[PDB]
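Structural description and commentary
Here is how the chains run, residue by residue.
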Amino acid sequence: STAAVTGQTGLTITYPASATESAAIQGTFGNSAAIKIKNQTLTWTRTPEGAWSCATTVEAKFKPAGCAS
Amino acid sequence: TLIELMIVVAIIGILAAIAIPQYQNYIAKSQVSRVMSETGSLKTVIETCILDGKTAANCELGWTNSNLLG
């Protein structure tokens with residue numbers, strides 16, 4: 001499994017090819033996930049300065065304190 | 001014969017005068033125990049909210065209406 005081609009369809013890697021774009025690790029739920037969150041996504045984004053942060057598209061009541069943004 | 005019917009009436013009167021236990025205690029105890037369990041189920045979410053630092057309005061309760069108003 002490489003960044004360009006991962007072994008799972010539910011995991012996507014956006015790799016920076018230049019010094020001005022951001023990196024991303026996105027995971028879409030499914031398979032054994034609950035039906036309510038069956039197609040939501042959770043992403044870890046890294047700014048060009050090297051700062052990591054987490055975002056999620058699920059409802060607020062399901063969000064852990066880490067990805068409350 | 002008359003005596004047989006009188007014995008039947010006496011038996012009916014004996015059966016009708018059976019002592020009834022105070023069944024209110026059982027029902028009340030069961031209802032109080034059910035409300036106990038229902039209200040104690042919220043301890044998990046309340047404790048997680050408190051330990052997470054959330055405010056009162058930001059704590060999401062998974063409460064469903066209880067027919068005992070407990």
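Chain B has the name Fimbrial protein in the PDB entry, where Acinetobacter genomosp. 16BJ is given as its organism.

For chain A, the PDB entry supplies the name Fimbrial protein and the organism Acinetobacter genomosp. 16BJ.

Let us now look at the sheet that holds strand β3 (residues 41-46) of chain A. Residue and element names in this part refer to chain A. The 4 strands lie next to each other as β1-β2-β3-β4, forming an open sheet whose pairing is antiparallel. The open sheet terminates on both sides in strands that have one partner only, identified here as β1 (11-14) and β4 (52-56). Across the sheet, the axes of successive neighbouring strands diverge by a mean angle of 15°, strand direction being ignored. Pairing of strand β2 (residues 23-28) with β3 involves 6 bridges; the strand directions are antiparallel. Its bridge partner lying in β3, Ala24 is registered against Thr45.

Two descriptors summarise a pair of aromatic rings, namely the distance from one centre to the other and the angle between the planes of the rings. Applying the stated rule across the entire model yields 1 aromatic pair over all chains. Aromatic pair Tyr23 of chain B and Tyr26 of chain B: ring centres 5.9 Å apart, planes at 55°, arrangement tilted.

Right, let's talk about the layout of surface pockets for a bit. Computed from the structure, the largest pocket encloses a volume of approximately 280 Å³. What lines the largest pocket is a set of 13 residues, among which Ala60, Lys61 and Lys63 of chain A together with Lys54 and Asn58 of chain B lie closest to the centre. Counted by class, the lining of the largest pocket contains 7 nonpolar, 1 polar and 5 charged residues.

Moving on: the pattern of salt bridges. Where charged atoms from two side chains of opposite charge come close, those side chains can pair. Residues and elements named next belong to chain A. For the coordinates displayed, the defined rule picks out 3 salt bridges over all chains. A salt bridge links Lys36 to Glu59; its shortest N-O distance comes to 2.4 Å. With a gap of 23 residues between them, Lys36 in the loop between β2 and β3 and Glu59 in the segment after β4 connect regions that are remote in the sequence. Judged by its relative accessible area of 34%, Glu59 is partly exposed. A single network of salt bridges, built from pairs that share partners, joins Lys36, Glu59 and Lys61.

Definitions and cut-offs
- Residues numbered from 1 in each chain as written, not as in the entry; some residues may be left out.
- Chains lettered and ligands numbered in written order.
- Part of a larger assembly, values for the part shown.
- Heavy atoms only, no water.
- Pairing = 2+ DSSP bridges.
- Helix = DSSP H or I, 4+ residues; strand = E, 2+ residues; numbered from the N terminus.
- Axes fitted to C-alpha atoms, helices over the stretch in contact; angles between N-to-C directions.
- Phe/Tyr/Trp six-rings, centres within 6.5 Å; stacked < 30°, edge-to-face > 60°.
- 1 Å grid on protein atoms, 1.4 Å probe; cavity = no way out; pocket = protein on both sides within 12 Å on 5 of 7 lines; lining within 4 Å.
- Points joined across faces, edges and corners; volume = space filled by probe spheres on them.
- Nonpolar A, V, L, I, M, F, W, Y, C, P; charged D, E, K, R; others polar.
- Salt bridge = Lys/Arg side-chain N within 4 Å of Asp/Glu carboxyl O.
- Buried < 20%, exposed > 50% of the residue type's maximum accessible area, 1.4 Å probe, protein only.

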